[PDB]
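Next up is one chain by itself, shown in structure tokens, the form deposited without the RNA.
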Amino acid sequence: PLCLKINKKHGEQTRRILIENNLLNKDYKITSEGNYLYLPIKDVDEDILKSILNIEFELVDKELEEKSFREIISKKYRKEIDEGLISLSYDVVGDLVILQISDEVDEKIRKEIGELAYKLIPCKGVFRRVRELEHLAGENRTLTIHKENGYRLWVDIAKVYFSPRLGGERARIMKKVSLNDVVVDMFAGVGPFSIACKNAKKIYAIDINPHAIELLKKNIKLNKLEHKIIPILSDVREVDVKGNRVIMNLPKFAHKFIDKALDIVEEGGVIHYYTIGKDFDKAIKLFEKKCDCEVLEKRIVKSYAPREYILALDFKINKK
């Protein structure tokens, strides 16, 4: 339906970038027509694409052929799916399925979606909406164990923030951490980024939510990383740690913390910054003015609202 048309010579070069930005759509066969490649792509503003593509391109409606619960629901529910109330996107944390439904629906029909989600989906439990949750189908437990990138994480979805669709981010980070690195995880959560950074020789895992620190400790124990990860409960603001790599996993408010992170990091070090926006500019100015910094990599993590993304930038602070 929506394809990126490009001269096939930049075929692979480009194909990779779309992936790195979780843009490529895998539900369609990249077809070739003459000197061109049509890569099915998720919807995106023509503008932001310019910032991650150096070649010329076009966004077009192109017919293409195809290469699970999401189905049956969609068809048999367009009524509510086409007006908030219900979303065709759920998360899976451990063995726990978590739906996105609105209060505006009679439980007797709302619970039914769960009872019929505990069916077309491999789980032990089912809830819907860190906010408050409602038990719909399966077991009534909120504490589970997540598996991702080889490690395991203890998560109690009802007491601490955690995003399974962000594992890709931990994978990428996993490949960047050197043996000599000292990481300061400003917003650690149950500790997904801290464990993904094992190669580092020291890790400062900070988080103001006590439950995030209770489970984080259990995770540090579970992945055998006691002499590596130093857990710290507190407002990151009032912490005095130093390090050459700073991870800011708080997209919604990252910006209101940049000054602290710059005060923690060393010169020559990188700030893994996650934010929100339609472009990258506002997030770059912000740093570009605060420091003598340098972008080392910039990706689009995922979609937030409409054309509202969760960007990720990698900043090298060359001089405070």
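One rule holds for the numbers: they count along the sequence shown, beginning at 1. Rigid core (definition): largest C-alpha set, two forms, superposition within 1.5 Å.
Unmodelled deposited residues between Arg129 and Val130: 4 to 9, per the record.
Counting the unmodelled positions of the deposited sequence between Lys67 and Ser68 gives a gap of 4 to 9 residues. Checked against the record, the higher mean CA B factor of 187-195 and 130-138 lies with 130-138.
Per the PDB record, of the two stretches 245-253 and 140-148, 140-148 carries the greater mean B-factor over its C-alpha atoms.
Within the selection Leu216, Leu166, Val92, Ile121, the deposited Cα B-factor values reach their highest point at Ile121. Annotation for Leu313: CA B-factor lies in the lowest third of the chain's modelled residues.
Placement of the Cα temperature factor of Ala212 within the chain: lowest third of the modelled residues, per the deposited record.
In the deposited entry, the Cα temperature factor of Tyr36 sits in the middle third of values across the chain's modelled residues. For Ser234, the recorded CA B-factor ranks within the lowest third of the chain. Only modelled residues enter the ranking. Placement of the Cα temperature factor of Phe287 within the chain: middle third of the modelled residues, per the deposited record.
What comes next is about the form solved in complex with the RNA, which does not appear here.
Shown here without its partner, the chain carries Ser51, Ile258 and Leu296, none of which come within 4.5 Å of the RNA in the bound PDB entry through any heavy atom. Distance criterion of 4.5 Å from any heavy atom to the RNA in the bound PDB entry singles out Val92 from the list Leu143, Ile109, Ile230, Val92. Taking a 4.5 Å heavy atom cutoff to the RNA in the bound PDB entry, the contact residue among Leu85, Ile208, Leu225, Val239 is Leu85. Listed stretches are 132-140, 162-170, 211-219, 195-203; the contact stretch with the RNA in the bound PDB entry is 162-170, by a heavy atom cutoff of 4.5 Å.
In the bound PDB entry, the RNA lies farther than 4.5 Å from every heavy atom of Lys285. None of the heavy atoms of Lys290 is located within 4.5 Å of the RNA in the bound PDB entry. In the bound PDB entry, the RNA sits beyond 4.5 Å of every heavy atom of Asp181. Contact check for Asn244: every heavy atom lies farther than 4.5 Å from the RNA in the bound PDB entry. In sequence order, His10, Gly11, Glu12, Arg15, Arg16, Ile19, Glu20, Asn22, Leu24, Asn25, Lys26, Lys29, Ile30, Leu37, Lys42 are the residues of 10-45 having a heavy atom within 4.5 Å of the RNA in the bound PDB entry; the partner itself is omitted from this view. For the set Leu49, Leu262, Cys293, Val270, a Cα shift of at least 2 angstroms between this form and the one not shown, after rigid core superposition, holds for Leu49 and for no other residue. Taking the rigid core as fixed, one finds a CA shift for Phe280 smaller than 2 Å between this form and the one not shown. With the core superposed, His211 shows a C-alpha displacement below 2 Å between this form and the one not shown. Once the rigid core is used as the reference frame, the Cα position of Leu88 differs between this form and the one not shown by 2 Å or more.
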